[PDB]
Amino acid sequence: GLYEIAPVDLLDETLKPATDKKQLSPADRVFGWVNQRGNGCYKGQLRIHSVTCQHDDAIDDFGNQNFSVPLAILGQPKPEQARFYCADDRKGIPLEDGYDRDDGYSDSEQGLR
RNA sequence: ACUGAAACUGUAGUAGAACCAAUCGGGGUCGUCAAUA
């Protein structure tokens, strides 16, 4: 089955990424912005530079240069799991327990987590 | 009912002045998929 509402519609227009230079929120001003939908950009006011490691033997050689720990499974995020990704109110309230999946992305007054 | 002759379209003049190839982005991470008996 398809849920009735696309997640983009459960996000408030004031929270979607900015679409003009007038609506730049604090992080868009501090870190900068580029419009993904047309013209518009702003160079960020915060610049990170001169990163240096102070320790010399900082990397963990596990014992030989050819060792390698196999690293669990980093699976892909799956927002179809509405009980994890969807919220009952645009304040980000988790969904109620016990309701069937048809409830997930249901009302327009639902929200994202 | 006696052709005028002779005469460099030439001389001087910088396609140049100003202009940032640049703005934003963690090499990151979990539950799905199939429909019947």
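Method of determination, as annotated in the archive: cryo-EM, at 3 Å resolution.

Chain A is annotated in the PDB entry as TIGR03986 family CRISPR-associated RAMP protein of Synechocystis sp. PCC 6803. The title field of the PDB entry reads "CRISPR-Cas type III-D effector complex bound to a self-target RNA in the pre-cleavage state".

Further remarks concern unusual backbone geometry. One non-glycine residue, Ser50, lies in the positive phi region at around 60°. One non-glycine residue, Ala72, lies in the positive phi region at around 45°. Mapped onto the secondary structure, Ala72 falls in the loop between β2 (41-43) and α2 (82-85). Given a relative accessible area of 73%, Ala72 falls into the exposed group.

Spatial strand order, β4-β3-β5: three strands in an open sheet with antiparallel pairing. At either margin of the open sheet sits one strand with a lone partner, and together these are β4 (93-94) and β5 (111-112). In the sheet, strand β3 (residues 86-89) pairs with β5 via two bridges, with the strands oriented antiparallel. Bridging from a neighbouring strand, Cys86 pairs with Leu112 of β5.

Definitions and cut-offs
- Summary of conventions: residues on each chain are numbered from 1 in written sequence order, possibly unlike the entry numbering, and any residue without coordinates is omitted from what is shown.
- Whichever chain is written first becomes A and whichever ligand is written first becomes 1, with later ones labelled in order.
- Bear in mind the chains here are only a fraction of a larger assembly, and the values reflect that fraction.
- Only heavy atoms go into the side-chain values, all of them from the structure, while hydrogens and water stay out.
- Under the scheme used here, helices are H or I runs from DSSP no shorter than 4 residues and strands are E runs no shorter than 2 residues, and both carry numbers assigned from the N terminus.
- Exposure categories follow from relative accessible area, calculated using a 1.4 Å probe and restricted to protein chains: below 20% of the type maximum is buried, above 50% is exposed, and the middle band is partly exposed.
- Strands pair, by our definition, only if DSSP identifies at least two bridges between them.

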